[PDB]
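Just the one chain here, the form deposited in one PDB entry, laid out as C-alpha cells.
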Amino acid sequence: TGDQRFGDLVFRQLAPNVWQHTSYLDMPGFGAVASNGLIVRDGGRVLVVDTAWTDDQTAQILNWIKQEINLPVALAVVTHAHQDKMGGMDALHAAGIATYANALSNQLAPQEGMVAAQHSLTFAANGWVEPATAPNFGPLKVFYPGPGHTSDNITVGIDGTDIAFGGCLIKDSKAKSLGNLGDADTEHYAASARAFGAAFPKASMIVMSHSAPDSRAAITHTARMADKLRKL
C-alpha cells in the first residue's frame, strides 16, 4: 500500500520531503480510530503538522523522525483543539519544539482538555495567516477557511508540492458522513470547505485527518455533504 508500521504508528511517504503520520486512539470503550498528520522536511529541519492522540504516541513520531530523517524539529503547527490534533502537546514541549496554533485554538484549549500551543496564529479577513505570527514557516502556507468542523479549524498547503492538508474539515470522496460534528458550524461548513479548495487551487493531493489521501473530489464531496446537512 506504501504504509510502514513503526511501533503502533503508521507512516506513509507522500513526496520526497513529506510523510503522513497516523496514530490510533487506544481507550477502553472506543474502536481504533485513525488520525493523520504530516511531517515535512524543509532542507535542514523538520516541521510537524498535528500531534498524535497522546503524548506517548507523539514521542514515537519524534523517535521516527530522529531515526529516519535525523534533523531537528523546528516547529509544529496544530490544526484545532481536539485530542487527535493537540493531544500530544506536552511531548512537543518536552522536546523543546516551538508550537503554533490558531489563537482561537489556544483560547479553547483549556475547555477542551488540551495544553495550549506556545504561539498564537492570527488571520487576515481573507483567511491567510498574518505572516508576523508564523515566522520562518518555510513551505507551510497556513489558511483559516472559516468555521466548519470546529470554529478554530485551520488548513495548510505545502509549497513546492502538490499537497494541501484539510485536517478534520475535509472527508474523502466516498465518506458517508462528516464524522464528528459535535463542535461543528453547520451553516458555514460548506463555504469553508470551498474556501479551502480555492485557497490551494492547484493542489492535487488532499490530505485529511480521518481518510487516506484523495483527489480534489474530496473537497466537493465534503461541501455537498455539508450543504445537505444545512438543508435538512
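Residues carry their position along the shown sequence, with the first being 1. Basically, rigid core = biggest C-alpha set you can superpose within 1.5 Å across the two forms.
Here the subject shifts to the form deposited in another entry, a form of this protein not shown in this document.
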*If you fit the two forms on their rigid core, which residue out of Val33, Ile69, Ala198, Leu181 shows a CA shift of at least 2 Å between this form and the one not shown?*
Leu181
*Note on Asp26-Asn63 C-alpha separation in the other form, which departs from the shown form by 3 angstroms or more*: farther
*Distance direction in the other form for the C-alpha atoms of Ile61 and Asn180, relative to the displayed form (3 angstroms or more)*: farther
